[PDB]
Every structure is written in structure tokens, then in C-alpha cells.
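Only one chain is given next, in C-alpha cells, and it is the form deposited without the partner chain.
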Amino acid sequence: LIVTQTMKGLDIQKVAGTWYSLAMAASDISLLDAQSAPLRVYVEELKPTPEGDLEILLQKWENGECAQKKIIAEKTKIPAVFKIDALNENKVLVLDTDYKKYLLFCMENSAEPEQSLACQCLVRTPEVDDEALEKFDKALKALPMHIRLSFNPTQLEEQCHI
């Protein structure tokens, strides 16, 4: 309810497998600032369960080391929207995907006021996808982002993007 872009007809089973966090954007600079900033997470694999929840394997720079983490995004009644438990619990939205090349998604808080939001362009291969990046930029102009990060094919192949 800042993000009002979801993918129609999402088949969550088809997002299974390998992904690369080619680009990231966020509403607040401090969310993506340093290696260890809170939302600087690098996706490695999407694992939908048979019951339709979404597990996410990612890397996070935790204590001077690139750490391995597993999150479960629980399904909702909207197939493009998932929910994560926490103090504040946060929605994950799938904005758009072709399954085979790119997926765009955003993470937001239920706050108020306090927009607060981060989005990624995920790609299947360690390549700069011009088309994906255009679509990411379109989805973003509707949103109030203040930091934007981009990674090259060498960094994409490194734990925690170098």
C-alpha cells in the first residue's frame, strides 16, 4: 500500500531455483548503506513449498563475514503477496517476472509513517540484463526511493557481491 504493482496470474512454483540480486533500491539510504546495512541481502535461491509458502536462501554480511540465511515468506490470499514474521512483520510482493530471465520484488513494512520499502531486480544468470533494469526503473518511479545499487557480473559471482 505504497507498492500497487503486483504480478497478475503469478505461478509461484515457477520462480523456483537460482537468482542473482543484480540491483537493489530502498526508501532510506541507511537501509542499503554498508555491507551490513539491514536490507542489503543477496538472494541465492527461491524455494516455494508444495503448500505455497516461499523460502528464500540469501547471503547477508553479518559480523565481518558473509553469512548464510534462510527466510520463510508465508503465503497470503493474494498469490503475489507473502508475509514475514517479526517485531514489525513485513510484506513481500512479487511485482513482475517472466520466470526465465527476471523477477522484480519489494519488501515493505505495514507502517506508516514510515513508508519504508526495499526492492530488487533479480536475474537468473550473472549478466547485466538491460531489459530487466528498465522494468525495475519503471516500477521504481512510482515509489519514493533514495538509494539505488547496481552490481557487475564479477561481483554477482562472489559471496556477498565482493
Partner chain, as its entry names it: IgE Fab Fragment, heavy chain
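What we label the rigid core is the largest C-alpha set whose atoms superpose within 1.5 Å from one form to the other. Residues that one form lacks are left out of the comparison. Numbering follows the first chain given and starts at 1.
Omission of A111 is seen in a third or more of the other entries compared for this protein where the adjacent residues are built. Looking at the other PDB entries for this protein, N90 is present in the model in all of those that include the residues around it, rather than absent from a third. For the two regions 98-106 and 59-67, the entry's Cα B-factors average higher over 59-67.
Remark: stretch with higher mean C-alpha B factor among 87-95 and 74-82 is 87-95. When the C-alpha B-factors of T49, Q120, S27, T125 are read from the PDB record, the largest value belongs to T49. Ranked within its chain, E112 lands in the highest third, by CA B factor from the PDB record. Per-chain ranking of the deposited C-alpha B factor places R148 in the lowest third. In the deposited entry, the Cα temperature factor of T4 sits in the top third of values across the chain's modelled residues. For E44, the recorded CA temperature factor ranks within the lowest third of the chain's modelled residues.
Beyond the structure shown, there is the form solved in complex with the partner chain, which is absent from this document and is the topic of what follows.
Contact check for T125: a heavy atom falls within 4.5 Å of the partner chain in the bound PDB entry. Although the partner is absent here, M7 sits far enough away that none of its heavy atoms falls within 4.5 Å of the partner chain in the bound PDB entry. Proximity of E44 to the partner chain in the bound PDB entry: non-hydrogen atoms within 4.5 Å are present. Residues of 136-155 placing a heavy atom within 4.5 Å of the partner chain in the bound PDB entry: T154 alone. For the residues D98, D137, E131, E114, superposed on the rigid core between this form and the one not shown, a C-alpha shift of 2 angstroms or more shows up only at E114. Taking the core as fixed, the parts between this form and the one not shown where three or more residues in a row have CA shifts of 2 Å or more are 85-87, 109-116.
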